[PDB]
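Next comes work.txt, a file with compact mmCIF, N, CA and C atoms.
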# COMPACT_ATOMS: atom_id res chain seq x y z
N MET A 1 93.71 109.54 111.96
CA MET A 1 93.06 108.41 112.62
C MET A 1 93.18 108.60 114.11
N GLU A 2 92.13 108.29 114.84
CA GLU A 2 92.18 108.39 116.28
C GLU A 2 91.46 107.20 116.89
N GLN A 3 91.88 106.81 118.08
CA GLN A 3 91.24 105.74 118.81
C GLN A 3 90.38 106.27 119.92
N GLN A 4 89.34 105.54 120.20
CA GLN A 4 88.43 105.81 121.29
C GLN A 4 88.08 104.52 121.97
N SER A 5 88.64 104.27 123.10
CA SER A 5 88.27 103.12 123.86
C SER A 5 87.15 103.50 124.82
N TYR A 6 86.05 102.85 124.66
CA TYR A 6 84.83 103.11 125.36
C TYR A 6 84.51 102.02 126.35
N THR A 7 84.07 102.39 127.50
CA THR A 7 83.62 101.45 128.48
C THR A 7 82.09 101.37 128.36
N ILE A 8 81.60 100.24 127.87
CA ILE A 8 80.20 100.04 127.70
C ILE A 8 79.45 100.07 129.06
N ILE A 9 78.20 100.47 129.04
CA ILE A 9 77.39 100.47 130.25
C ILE A 9 76.23 99.49 130.13
N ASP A 10 75.95 99.05 128.92
CA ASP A 10 74.87 98.11 128.68
C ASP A 10 75.24 96.70 129.10
N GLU A 11 74.33 96.07 129.77
CA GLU A 11 74.47 94.71 130.25
C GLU A 11 73.43 93.82 129.58
N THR A 12 72.55 94.45 128.81
CA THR A 12 71.48 93.75 128.15
C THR A 12 72.04 92.88 127.03
N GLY A 13 73.14 93.31 126.46
CA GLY A 13 73.82 92.51 125.48
C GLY A 13 74.00 93.23 124.17
N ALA A 14 74.19 94.55 124.24
CA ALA A 14 74.50 95.42 123.10
C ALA A 14 73.27 95.92 122.41
N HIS A 15 72.41 94.96 122.04
CA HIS A 15 71.21 95.19 121.24
C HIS A 15 71.49 95.81 119.87
N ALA A 16 71.24 95.00 118.86
CA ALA A 16 71.58 95.30 117.48
C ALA A 16 70.93 96.56 116.94
N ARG A 17 69.73 96.88 117.41
CA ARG A 17 69.01 98.06 116.92
C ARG A 17 69.82 99.37 117.10
N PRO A 18 70.29 99.73 118.35
CA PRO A 18 71.21 100.87 118.55
C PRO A 18 72.40 100.85 117.59
N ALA A 19 73.00 99.68 117.46
CA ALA A 19 74.16 99.49 116.61
C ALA A 19 73.81 99.71 115.13
N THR A 20 72.55 99.47 114.76
CA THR A 20 72.13 99.70 113.39
C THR A 20 72.04 101.21 113.12
N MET A 21 71.76 101.98 114.17
CA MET A 21 71.77 103.43 114.04
C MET A 21 73.21 103.89 113.89
N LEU A 22 74.11 103.20 114.59
CA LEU A 22 75.55 103.41 114.42
C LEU A 22 75.96 103.12 113.00
N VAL A 23 75.40 102.05 112.46
CA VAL A 23 75.59 101.66 111.08
C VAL A 23 75.30 102.84 110.14
N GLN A 24 74.10 103.40 110.24
CA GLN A 24 73.71 104.51 109.36
C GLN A 24 74.53 105.78 109.66
N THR A 25 74.99 105.91 110.88
CA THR A 25 75.77 107.06 111.28
C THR A 25 77.16 107.00 110.62
N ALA A 26 77.83 105.87 110.80
CA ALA A 26 79.13 105.62 110.20
C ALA A 26 79.06 105.63 108.66
N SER A 27 77.91 105.24 108.12
CA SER A 27 77.70 105.19 106.67
C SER A 27 77.82 106.58 106.02
N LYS A 28 77.45 107.61 106.76
CA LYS A 28 77.39 108.93 106.18
C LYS A 28 78.61 109.80 106.41
N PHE A 29 79.64 109.22 106.95
CA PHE A 29 80.90 109.92 107.14
C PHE A 29 81.90 109.54 106.07
N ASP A 30 82.79 110.47 105.75
CA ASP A 30 83.92 110.23 104.83
C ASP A 30 84.82 109.19 105.42
N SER A 31 85.03 109.34 106.69
CA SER A 31 85.90 108.51 107.43
C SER A 31 85.31 107.14 107.64
N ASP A 32 86.16 106.19 107.72
CA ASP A 32 85.77 104.87 108.04
C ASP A 32 86.11 104.61 109.47
N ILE A 33 85.16 104.10 110.18
CA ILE A 33 85.35 103.80 111.55
C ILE A 33 85.40 102.30 111.71
N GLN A 34 86.45 101.85 112.32
CA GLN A 34 86.60 100.48 112.65
C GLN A 34 86.23 100.29 114.08
N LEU A 35 85.50 99.26 114.33
CA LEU A 35 85.14 98.89 115.65
C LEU A 35 85.99 97.71 116.05
N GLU A 36 86.79 97.88 117.08
CA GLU A 36 87.65 96.82 117.57
C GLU A 36 87.22 96.41 118.98
N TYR A 37 86.62 95.26 119.07
CA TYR A 37 86.25 94.69 120.33
C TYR A 37 86.70 93.23 120.42
N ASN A 38 87.87 93.05 121.00
CA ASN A 38 88.48 91.75 121.35
C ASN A 38 88.30 90.68 120.27
N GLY A 39 88.97 90.86 119.15
CA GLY A 39 88.91 89.89 118.08
C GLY A 39 87.97 90.32 116.99
N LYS A 40 87.00 91.11 117.36
CA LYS A 40 86.06 91.61 116.41
C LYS A 40 86.37 92.99 115.97
N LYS A 41 86.97 93.09 114.82
CA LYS A 41 87.18 94.34 114.19
C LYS A 41 86.42 94.36 112.89
N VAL A 42 85.71 95.42 112.66
CA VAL A 42 84.81 95.50 111.54
C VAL A 42 84.56 96.96 111.15
N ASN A 43 84.20 97.16 109.88
CA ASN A 43 83.70 98.44 109.40
C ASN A 43 82.42 98.72 110.15
N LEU A 44 82.37 99.78 110.92
CA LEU A 44 81.25 100.06 111.78
C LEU A 44 79.91 100.31 111.02
N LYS A 45 79.98 100.66 109.74
CA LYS A 45 78.73 100.80 108.97
C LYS A 45 78.35 99.49 108.31
N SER A 46 79.11 98.49 108.58
CA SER A 46 78.88 97.19 108.06
C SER A 46 78.56 96.25 109.23
N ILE A 47 77.58 95.42 109.07
CA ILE A 47 77.09 94.57 110.15
C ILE A 47 77.91 93.30 110.35
N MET A 48 79.04 93.22 109.68
CA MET A 48 79.82 91.98 109.62
C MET A 48 80.82 91.92 110.78
N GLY A 49 80.26 91.94 111.95
CA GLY A 49 81.02 92.00 113.16
C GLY A 49 80.22 92.73 114.20
N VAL A 50 79.64 93.85 113.77
CA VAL A 50 78.86 94.74 114.63
C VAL A 50 77.57 94.07 115.11
N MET A 51 76.97 93.24 114.27
CA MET A 51 75.67 92.67 114.61
C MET A 51 75.82 91.53 115.63
N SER A 52 77.02 91.04 115.79
CA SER A 52 77.27 89.94 116.69
C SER A 52 78.21 90.40 117.82
N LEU A 53 78.31 91.71 117.97
CA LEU A 53 79.16 92.33 118.98
C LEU A 53 78.68 91.94 120.38
N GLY A 54 79.49 91.17 121.07
CA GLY A 54 79.11 90.68 122.38
C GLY A 54 79.58 91.56 123.50
N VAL A 55 79.19 92.80 123.46
CA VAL A 55 79.59 93.75 124.48
C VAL A 55 78.62 93.74 125.68
N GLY A 56 79.19 93.80 126.86
CA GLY A 56 78.44 93.86 128.10
C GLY A 56 79.33 94.45 129.17
N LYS A 57 78.78 95.40 129.96
CA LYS A 57 79.44 96.21 131.06
C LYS A 57 80.99 96.35 131.06
N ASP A 58 81.70 95.27 131.23
CA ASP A 58 83.17 95.30 131.32
C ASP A 58 83.82 95.46 129.92
N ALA A 59 83.02 95.36 128.89
CA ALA A 59 83.51 95.40 127.53
C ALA A 59 83.98 96.78 127.13
N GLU A 60 85.26 96.93 127.00
CA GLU A 60 85.79 98.17 126.52
C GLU A 60 86.08 98.03 125.05
N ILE A 61 85.44 98.85 124.28
CA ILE A 61 85.50 98.77 122.84
C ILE A 61 86.35 99.90 122.30
N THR A 62 87.10 99.66 121.28
CA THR A 62 87.94 100.70 120.74
C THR A 62 87.47 101.06 119.33
N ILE A 63 87.22 102.32 119.12
CA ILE A 63 86.85 102.85 117.82
C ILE A 63 88.06 103.48 117.17
N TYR A 64 88.26 103.20 115.92
CA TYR A 64 89.28 103.84 115.13
C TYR A 64 88.64 104.52 113.96
N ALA A 65 88.71 105.81 113.93
CA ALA A 65 88.13 106.55 112.84
C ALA A 65 89.25 107.08 111.98
N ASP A 66 89.21 106.77 110.71
CA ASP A 66 90.20 107.26 109.77
C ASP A 66 89.50 107.88 108.60
N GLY A 67 89.79 109.13 108.32
CA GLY A 67 89.08 109.82 107.30
C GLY A 67 89.55 111.24 107.17
N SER A 68 88.85 112.02 106.38
CA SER A 68 89.14 113.43 106.26
C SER A 68 88.38 114.17 107.38
N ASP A 69 87.45 113.46 108.00
CA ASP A 69 86.60 114.01 109.05
C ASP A 69 86.65 113.08 110.24
N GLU A 70 87.80 112.53 110.52
CA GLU A 70 87.91 111.53 111.56
C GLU A 70 87.68 112.02 112.98
N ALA A 71 88.31 113.11 113.36
CA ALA A 71 88.11 113.71 114.69
C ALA A 71 86.66 114.15 114.88
N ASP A 72 86.04 114.58 113.79
CA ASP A 72 84.64 115.01 113.82
C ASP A 72 83.74 113.80 113.91
N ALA A 73 84.11 112.74 113.21
CA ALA A 73 83.39 111.49 113.30
C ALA A 73 83.47 110.98 114.72
N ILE A 74 84.65 111.10 115.32
CA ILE A 74 84.89 110.73 116.72
C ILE A 74 83.94 111.47 117.67
N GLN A 75 83.86 112.79 117.51
CA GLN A 75 83.06 113.59 118.41
C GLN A 75 81.56 113.30 118.26
N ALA A 76 81.14 112.94 117.06
CA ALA A 76 79.76 112.54 116.81
C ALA A 76 79.53 111.12 117.31
N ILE A 77 80.51 110.26 117.04
CA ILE A 77 80.52 108.86 117.42
C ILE A 77 80.34 108.68 118.94
N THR A 78 81.03 109.49 119.71
CA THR A 78 80.94 109.43 121.17
C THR A 78 79.50 109.78 121.62
N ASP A 79 78.95 110.83 121.02
CA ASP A 79 77.59 111.27 121.32
C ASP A 79 76.58 110.17 121.04
N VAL A 80 76.63 109.63 119.83
CA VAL A 80 75.68 108.60 119.44
C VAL A 80 75.90 107.30 120.23
N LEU A 81 77.15 106.96 120.49
CA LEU A 81 77.49 105.76 121.26
C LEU A 81 77.02 105.85 122.70
N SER A 82 77.05 107.03 123.29
CA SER A 82 76.55 107.18 124.64
C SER A 82 75.03 107.18 124.64
N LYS A 83 74.43 107.74 123.59
CA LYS A 83 72.97 107.72 123.40
C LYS A 83 72.49 106.28 123.25
N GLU A 84 73.28 105.51 122.55
CA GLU A 84 72.99 104.13 122.26
C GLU A 84 73.47 103.17 123.35
N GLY A 85 74.15 103.71 124.34
CA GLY A 85 74.53 102.93 125.51
C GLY A 85 75.75 102.04 125.33
N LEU A 86 76.55 102.25 124.28
CA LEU A 86 77.74 101.41 124.12
C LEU A 86 78.92 102.01 124.84
N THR A 87 78.65 103.07 125.56
CA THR A 87 79.62 103.72 126.37
C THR A 87 78.93 104.62 127.36
N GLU A 88 79.61 104.88 128.43
CA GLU A 88 79.24 105.90 129.34
C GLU A 88 79.65 107.22 128.70
Represent the structure contained in this file as structure tokens.
Amino acid sequence: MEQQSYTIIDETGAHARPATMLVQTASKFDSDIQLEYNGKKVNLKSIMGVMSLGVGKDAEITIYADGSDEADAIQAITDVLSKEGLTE
């Protein structure tokens, strides 16, 4: 398991669509990624927290990937998260 605290760059308000791509991304990994953002911790492939994620600029979000491919999930997660603007 590894943590990734990300400093979001989006100020628009997260936008659920990018996060839905995160959903499908996390869905296809062995590892389960938890998204921890100030009270909101959720299975990242599950919208039960992610869809209402109130991240904006100062929001530092922490990802926890636990799996047989966790570090790999992390390295992919960072790429997609920066593509999706939930981190620099």
Please report the interatomic distance between atom CA of residue 33 of chain A and atom CA of residue 10 of chain A in Å with one decimal.
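Atom-to-atom, atom CA of residue 33 of chain A and atom CA of residue 10 of chain A are spaced 20.9 Å apart.
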Nearest candidate to residue 78 of chain A (options A:40, A:22, A:28, A:51; using only C-alpha atoms)
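Of A:40, A:22, A:28, A:51, the one nearest residue 78 of chain A, counting only C-alpha atoms, is A:22.
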Around the point (88.2, 112.0, 106.6) (coordinates from the file), which residues reach within 6 Å if we count only C-alpha atoms? Answer as a list in words.
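The residues near that point, listed by chain and number, are residues 30, 31, 67, 68, 69 and 70 of chain A.
For the residues A:29, A:80, A:87, A:37, ranking by smallest atom-to-atom distance to residue 53 of chain A using all atoms listed in the file places A:37 first.
Counting only N, CA and C atoms and comparing A:77, A:55, A:35, A:61, the residue that lies closest to residue 7 of chain A is A:61.
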How big is the axis-aligned box around all listed atoms of segment 43-58 of chain A once 3 Å goes on each side, and where's its centre, in Å to one decimal, as lines of an AutoDock Vina configuration file?
center_x = 79.9
center_y = 95.4
center_z = 119.7
size_x = 14.5
size_y = 16.9
size_z = 29.3
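Residue neighbourhood of residue 26 of chain A, excluding near-sequence residues (fewer than 6 positions): residues 20, 32, 33, 43, 44, 45, 46, 73 and 77 of chain A, at 8 Å, using only N, CA and C atoms.
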Have a look at atom CA of residue 71 of chain A and atom CA of residue 11 of chain A and let me know their distance in Å, one decimal.
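About the pair atom CA of residue 71 of chain A and atom CA of residue 11 of chain A: they are 28.1 Å apart.
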What is the atom CA of residue 59 of chain A to atom N of residue 3 of chain A distance in Å?
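One can read the atom CA of residue 59 of chain A to atom N of residue 3 of chain A distance as 17.0 Å.
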DSSP-assigned strand (DSSP E) members of segment 1-53 of chain A, reported as a ChimeraX atom specification:
/A:2-7,32-37,40-43
At a cut-off of 8 Å, using only N, CA and C atoms, what residues contact residue 18 of chain A? Leave out same-chain residues fewer than 5 positions from it and give the result as JSON, numbers by chain.
{"A": [23, 24, 80, 81, 83, 84, 85, 86]}
Limited to N, CA and C atoms, could you put the picked residues into a file as a short mmCIF file (atom, residue, chain, number, x, y, z; two decimals), in the frame of the given file?
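Ended up saving to selection08.cif:
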data_model
loop_
_atom_site.label_atom_id
_atom_site.label_comp_id
_atom_site.auth_asym_id
_atom_site.auth_seq_id
_atom_site.Cartn_x
_atom_site.Cartn_y
_atom_site.Cartn_z
N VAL A 23 75.40 102.05 112.46
CA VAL A 23 75.59 101.66 111.08
C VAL A 23 75.30 102.84 110.14
N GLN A 24 74.10 103.40 110.24
CA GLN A 24 73.71 104.51 109.36
C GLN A 24 74.53 105.78 109.66
N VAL A 80 76.63 109.63 119.83
CA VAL A 80 75.68 108.60 119.44
C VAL A 80 75.90 107.30 120.23
N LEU A 81 77.15 106.96 120.49
CA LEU A 81 77.49 105.76 121.26
C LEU A 81 77.02 105.85 122.70
N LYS A 83 74.43 107.74 123.59
CA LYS A 83 72.97 107.72 123.40
C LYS A 83 72.49 106.28 123.25
N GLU A 84 73.28 105.51 122.55
CA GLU A 84 72.99 104.13 122.26
C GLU A 84 73.47 103.17 123.35
N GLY A 85 74.15 103.71 124.34
CA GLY A 85 74.53 102.93 125.51
C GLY A 85 75.75 102.04 125.33
N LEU A 86 76.55 102.25 124.28
CA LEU A 86 77.74 101.41 124.12
C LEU A 86 78.92 102.01 124.84
#
Extract segment 19-57 of chain A from the preceding block and save N, CA and C atoms as a PDB file, in the first residue's frame.
ATOM      1  N   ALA A  19     -13.307  12.333 -13.155  1.00  0.00           N
ATOM      2  CA  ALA A  19     -13.334  11.385 -12.056  1.00  0.00           C
ATOM      3  C   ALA A  19     -14.001  10.066 -12.469  1.00  0.00           C
ATOM      4  N   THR A  20     -14.901  10.114 -13.442  1.00  0.00           N
ATOM      5  CA  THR A  20     -15.547   8.904 -13.923  1.00  0.00           C
ATOM      6  C   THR A  20     -14.536   8.083 -14.746  1.00  0.00           C
ATOM      7  N   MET A  21     -13.578   8.769 -15.368  1.00  0.00           N
ATOM      8  CA  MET A  21     -12.520   8.071 -16.071  1.00  0.00           C
ATOM      9  C   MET A  21     -11.605   7.431 -15.050  1.00  0.00           C
ATOM     10  N   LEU A  22     -11.422   8.119 -13.921  1.00  0.00           N
ATOM     11  CA  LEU A  22     -10.705   7.557 -12.774  1.00  0.00           C
ATOM     12  C   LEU A  22     -11.400   6.320 -12.282  1.00  0.00           C
ATOM     13  N   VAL A  23     -12.720   6.395 -12.242  1.00  0.00           N
ATOM     14  CA  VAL A  23     -13.569   5.286 -11.879  1.00  0.00           C
ATOM     15  C   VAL A  23     -13.221   4.049 -12.710  1.00  0.00           C
ATOM     16  N   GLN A  24     -13.265   4.177 -14.029  1.00  0.00           N
ATOM     17  CA  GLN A  24     -12.987   3.045 -14.915  1.00  0.00           C
ATOM     18  C   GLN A  24     -11.509   2.614 -14.833  1.00  0.00           C
ATOM     19  N   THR A  25     -10.641   3.547 -14.492  1.00  0.00           N
ATOM     20  CA  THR A  25      -9.224   3.261 -14.382  1.00  0.00           C
ATOM     21  C   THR A  25      -8.974   2.387 -13.143  1.00  0.00           C
ATOM     22  N   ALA A  26      -9.472   2.845 -12.001  1.00  0.00           N
ATOM     23  CA  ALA A  26      -9.368   2.117 -10.746  1.00  0.00           C
ATOM     24  C   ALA A  26     -10.091   0.764 -10.816  1.00  0.00           C
ATOM     25  N   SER A  27     -11.151   0.702 -11.620  1.00  0.00           N
ATOM     26  CA  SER A  27     -11.944  -0.525 -11.779  1.00  0.00           C
ATOM     27  C   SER A  27     -11.117  -1.683 -12.365  1.00  0.00           C
ATOM     28  N   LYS A  28     -10.145  -1.358 -13.188  1.00  0.00           N
ATOM     29  CA  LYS A  28      -9.418  -2.380 -13.898  1.00  0.00           C
ATOM     30  C   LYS A  28      -8.106  -2.803 -13.261  1.00  0.00           C
ATOM     31  N   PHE A  29      -7.857  -2.326 -12.073  1.00  0.00           N
ATOM     32  CA  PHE A  29      -6.673  -2.716 -11.331  1.00  0.00           C
ATOM     33  C   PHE A  29      -7.024  -3.741 -10.269  1.00  0.00           C
ATOM     34  N   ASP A  30      -6.058  -4.600  -9.950  1.00  0.00           N
ATOM     35  CA  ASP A  30      -6.176  -5.579  -8.849  1.00  0.00           C
ATOM     36  C   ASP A  30      -6.312  -4.842  -7.557  1.00  0.00           C
ATOM     37  N   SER A  31      -5.519  -3.826  -7.446  1.00  0.00           N
ATOM     38  CA  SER A  31      -5.445  -3.023  -6.285  1.00  0.00           C
ATOM     39  C   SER A  31      -6.666  -2.162  -6.124  1.00  0.00           C
ATOM     40  N   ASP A  32      -6.988  -1.900  -4.912  1.00  0.00           N
ATOM     41  CA  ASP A  32      -8.033  -1.004  -4.597  1.00  0.00           C
ATOM     42  C   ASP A  32      -7.428   0.294  -4.177  1.00  0.00           C
ATOM     43  N   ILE A  33      -7.906   1.345  -4.756  1.00  0.00           N
ATOM     44  CA  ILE A  33      -7.429   2.642  -4.441  1.00  0.00           C
ATOM     45  C   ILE A  33      -8.489   3.370  -3.656  1.00  0.00           C
ATOM     46  N   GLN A  34      -8.102   3.856  -2.525  1.00  0.00           N
ATOM     47  CA  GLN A  34      -8.942   4.659  -1.711  1.00  0.00           C
ATOM     48  C   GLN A  34      -8.596   6.096  -1.948  1.00  0.00           C
ATOM     49  N   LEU A  35      -9.590   6.888  -2.074  1.00  0.00           N
ATOM     50  CA  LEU A  35      -9.429   8.291  -2.210  1.00  0.00           C
ATOM     51  C   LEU A  35      -9.786   8.931  -0.888  1.00  0.00           C
ATOM     52  N   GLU A  36      -8.836   9.592  -0.272  1.00  0.00           N
ATOM     53  CA  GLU A  36      -9.047  10.256   0.994  1.00  0.00           C
ATOM     54  C   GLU A  36      -8.907  11.768   0.827  1.00  0.00           C
ATOM     55  N   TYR A  37     -10.013  12.445   0.867  1.00  0.00           N
ATOM     56  CA  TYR A  37     -10.039  13.874   0.831  1.00  0.00           C
ATOM     57  C   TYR A  37     -10.933  14.435   1.938  1.00  0.00           C
ATOM     58  N   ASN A  38     -10.285  14.762   3.050  1.00  0.00           N
ATOM     59  CA  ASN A  38     -10.866  15.453   4.219  1.00  0.00           C
ATOM     60  C   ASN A  38     -12.271  14.961   4.593  1.00  0.00           C
ATOM     61  N   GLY A  39     -12.346  13.747   5.089  1.00  0.00           N
ATOM     62  CA  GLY A  39     -13.620  13.194   5.513  1.00  0.00           C
ATOM     63  C   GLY A  39     -14.198  12.270   4.479  1.00  0.00           C
ATOM     64  N   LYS A  40     -13.841  12.495   3.250  1.00  0.00           N
ATOM     65  CA  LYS A  40     -14.303  11.672   2.188  1.00  0.00           C
ATOM     66  C   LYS A  40     -13.302  10.661   1.775  1.00  0.00           C
ATOM     67  N   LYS A  41     -13.492   9.462   2.253  1.00  0.00           N
ATOM     68  CA  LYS A  41     -12.724   8.356   1.811  1.00  0.00           C
ATOM     69  C   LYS A  41     -13.637   7.361   1.137  1.00  0.00           C
ATOM     70  N   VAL A  42     -13.233   6.897   0.002  1.00  0.00           N
ATOM     71  CA  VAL A  42     -14.080   6.072  -0.816  1.00  0.00           C
ATOM     72  C   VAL A  42     -13.245   5.197  -1.753  1.00  0.00           C
ATOM     73  N   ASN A  43     -13.827   4.072  -2.166  1.00  0.00           N
ATOM     74  CA  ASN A  43     -13.278   3.244  -3.232  1.00  0.00           C
ATOM     75  C   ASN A  43     -13.282   4.094  -4.484  1.00  0.00           C
ATOM     76  N   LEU A  44     -12.130   4.357  -5.050  1.00  0.00           N
ATOM     77  CA  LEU A  44     -12.014   5.266  -6.164  1.00  0.00           C
ATOM     78  C   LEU A  44     -12.750   4.792  -7.453  1.00  0.00           C
ATOM     79  N   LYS A  45     -13.040   3.501  -7.568  1.00  0.00           N
ATOM     80  CA  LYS A  45     -13.827   3.041  -8.718  1.00  0.00           C
ATOM     81  C   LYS A  45     -15.311   3.064  -8.407  1.00  0.00           C
ATOM     82  N   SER A  46     -15.629   3.532  -7.250  1.00  0.00           N
ATOM     83  CA  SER A  46     -16.970   3.647  -6.814  1.00  0.00           C
ATOM     84  C   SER A  46     -17.301   5.131  -6.622  1.00  0.00           C
ATOM     85  N   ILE A  47     -18.446   5.540  -7.074  1.00  0.00           N
ATOM     86  CA  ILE A  47     -18.820   6.954  -7.080  1.00  0.00           C
ATOM     87  C   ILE A  47     -19.351   7.458  -5.737  1.00  0.00           C
ATOM     88  N   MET A  48     -19.229   6.638  -4.717  1.00  0.00           N
ATOM     89  CA  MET A  48     -19.869   6.897  -3.424  1.00  0.00           C
ATOM     90  C   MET A  48     -18.946   7.733  -2.528  1.00  0.00           C
ATOM     91  N   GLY A  49     -18.633   8.889  -3.019  1.00  0.00           N
ATOM     92  CA  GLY A  49     -17.705   9.771  -2.391  1.00  0.00           C
ATOM     93  C   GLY A  49     -17.011  10.583  -3.448  1.00  0.00           C
ATOM     94  N   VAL A  50     -16.594   9.883  -4.500  1.00  0.00           N
ATOM     95  CA  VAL A  50     -15.856  10.470  -5.622  1.00  0.00           C
ATOM     96  C   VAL A  50     -16.719  11.457  -6.414  1.00  0.00           C
ATOM     97  N   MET A  51     -18.009  11.179  -6.526  1.00  0.00           N
ATOM     98  CA  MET A  51     -18.868  11.995  -7.376  1.00  0.00           C
ATOM     99  C   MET A  51     -19.207  13.327  -6.691  1.00  0.00           C
ATOM    100  N   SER A  52     -18.992  13.392  -5.397  1.00  0.00           N
ATOM    101  CA  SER A  52     -19.315  14.578  -4.637  1.00  0.00           C
ATOM    102  C   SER A  52     -18.033  15.178  -4.051  1.00  0.00           C
ATOM    103  N   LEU A  53     -16.905  14.771  -4.609  1.00  0.00           N
ATOM    104  CA  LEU A  53     -15.593  15.224  -4.177  1.00  0.00           C
ATOM    105  C   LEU A  53     -15.459  16.736  -4.397  1.00  0.00           C
ATOM    106  N   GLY A  54     -15.380  17.476  -3.318  1.00  0.00           N
ATOM    107  CA  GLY A  54     -15.326  18.917  -3.402  1.00  0.00           C
ATOM    108  C   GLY A  54     -13.922  19.454  -3.434  1.00  0.00           C
ATOM    109  N   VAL A  55     -13.151  19.006  -4.381  1.00  0.00           N
ATOM    110  CA  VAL A  55     -11.778  19.445  -4.503  1.00  0.00           C
ATOM    111  C   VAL A  55     -11.656  20.728  -5.340  1.00  0.00           C
ATOM    112  N   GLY A  56     -10.815  21.629  -4.877  1.00  0.00           N
ATOM    113  CA  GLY A  56     -10.530  22.876  -5.554  1.00  0.00           C
ATOM    114  C   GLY A  56      -9.190  23.388  -5.075  1.00  0.00           C
ATOM    115  N   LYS A  57      -8.342  23.841  -6.025  1.00  0.00           N
ATOM    116  CA  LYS A  57      -6.916  24.339  -5.853  1.00  0.00           C
ATOM    117  C   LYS A  57      -6.130  23.929  -4.567  1.00  0.00           C
TER     118      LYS A  57
END
